[PDB]
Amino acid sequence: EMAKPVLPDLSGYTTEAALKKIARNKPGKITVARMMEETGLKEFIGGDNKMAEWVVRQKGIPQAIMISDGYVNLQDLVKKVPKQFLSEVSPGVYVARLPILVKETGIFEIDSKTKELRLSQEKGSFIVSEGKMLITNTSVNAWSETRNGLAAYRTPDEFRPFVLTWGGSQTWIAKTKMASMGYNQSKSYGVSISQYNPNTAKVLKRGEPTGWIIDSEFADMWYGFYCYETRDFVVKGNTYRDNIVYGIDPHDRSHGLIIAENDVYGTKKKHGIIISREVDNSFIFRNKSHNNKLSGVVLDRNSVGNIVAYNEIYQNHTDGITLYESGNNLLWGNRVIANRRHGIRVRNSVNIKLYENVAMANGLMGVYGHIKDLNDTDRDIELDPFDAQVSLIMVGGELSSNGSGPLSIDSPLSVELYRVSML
């Protein structure tokens, strides 16, 4: 009854296209100042009474490299900033020993000819941008000076460097390798695109943040990608390998995202790709999400009006796709294969359209739809409400070779099957 989904055009999201998105013609001011002077740093660290950890990492009054009023590349920072803070240990290889803050009117670029930028773990380095920032053909890694290598993951609360962008910012990362960034701490998950915290946005009224991340590799991250109230962000052609908790984790009222042609695998604790808490009107298509500790693809907490299409979802250790309390979504033409549990699982979600899906050789059911009362759990039902009904329309595709059977739908409000192949 329905026509193919109309999916965005990805042909324009190019390393070559990316490079022509910033104003290089006007330099370019560099200062090294106190972090607590700056909103972009206060906003996640908090008051002055939280500066202790940083005072310990820097062994002194906490400071940052700062870029504003113009354009500054990495090579520019190296020339102007003292060695002890920004050092070229070998041709094209730099160790930064202070965090880098790109202010609101700043424009910061790392192009090729930068072999690798090393963010020092011990000195508490990291990157925040409230302006324009472009990273192409290069490496930005979390670097342990003591180990003399990547800040390999050990435990959730051990700080590692990270990238974070604030409201009103634009960010483009292309053909770039990043590893070992992020840890269990607000705004510090790995690569994080964020609107400001509710109070501050009430004052700055900046637009929601945006940008692209294309053709890059992210490994050992705490979260591969995180975002909060982000608009129209593009994540295309990336590899997320061996990240800790999530591969890609768009969150909290983000919308119009394009998550496409990514290879996301080997996530050690939770899911490959997960959109949570009102991630609406977005597009998850032609990804390979495979071999994650939990599910391949997850739509969570009233994340609605989305399209999940033509994804290769296979060999995840629980479900292929799981929909948690997230109705009015379209799953078209996914190939969901050999996941240890269910092919596609719909919990507490209504008006799910499953068109042309293939679900084969999953450990349990091909498609499993159920309801669950969530009232005596650790769930904030004030913030994330739920209604315990399930209804889906299934059209075409195939359900075959699943361990427990083609489909099971417990206590549905309605299920309609038309033209579905079952073997």
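A residue's number is simply how far along the shown sequence it sits, counting from 1.
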Looking at the entry, does 71-79 or 141-149 show the higher mean C-alpha B-factor? 71-79
Can you tell me which stretch has the higher mean Cα B-factor, 90-98 or 239-247? 90-98
Test of reading the entry: by CA B factor among the chain's modelled residues, which third contains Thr165? middle
How does the C-alpha B factor of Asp215 compare with the rest of the chain: lowest, middle or highest third? middle
Comparing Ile61 with the other modelled residues of its chain, is its CA B-factor in the lowest, middle or highest third? middle
Chain-relative C-alpha B factor for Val367 (record values, thirds): the lowest
Chain thirds by Cα B factor, record data; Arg154 belongs to the lowest
